[PDB]
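Given next, in structure tokens, is a single chain: the form solved without the ligand.
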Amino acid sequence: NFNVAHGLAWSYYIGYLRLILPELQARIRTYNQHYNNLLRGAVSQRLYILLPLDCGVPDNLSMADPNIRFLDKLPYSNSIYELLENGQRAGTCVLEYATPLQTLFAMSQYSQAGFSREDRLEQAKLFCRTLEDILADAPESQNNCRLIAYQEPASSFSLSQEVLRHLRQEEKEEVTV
């Protein structure tokens, strides 16, 4: 009852993730020949979904962290980003905000909804849980995407470092197991 995030998660998966994920790792490998050749290093395999409990989705990622720099489009719109440490390329990554969080934010500012900041944060959390469950039971359409949920303090916080942790963990997984 008034669990808006339940529908948001299902719709996001059914209407978007289920459609873009299967070919995802293929068109990344296709691209990876060239990234290997042109400035050695490869783009990670999973799709990284940013879920700020903020529900704060900026029009451009670099605006949320200067160390997250746009690099290239993946051959509808999918973007490859480099992540920086001291000006050095530390990682590369197809990276994306979960759009439905924008809906939770717009409801937050829509008065007739009776939807507060407190509700929004809780629905954001519910959104993550629910999507996580959905992906768990989803066939091979889960091992090609990682959810990155995070709450910013209010205040030092690095989103690049957060993504970087996930990227390095992924690589550790691939070579070990």
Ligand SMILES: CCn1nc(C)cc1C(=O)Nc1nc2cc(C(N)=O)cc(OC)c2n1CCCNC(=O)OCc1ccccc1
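Heads up: residue numbers just count along the shown sequence, starting at 1.
This protein has a second form, the form deposited with the ligand bound, left out of what is shown; the following refers to that one.
Although the partner is absent from this view, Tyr16 contacts the ligand in the entry with it bound, with a non-hydrogen atom inside 4.5 angstroms. Interface residue remark: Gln88 is not counted as part of the site for the ligand in the entry with it bound, having no heavy atom within 4.5 Å. In the entry with it bound, the ligand sits within 4.5 Å of a heavy atom belonging to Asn78. Of the heavy atoms in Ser11, some are within 4.5 Å of the ligand in the entry with it bound.
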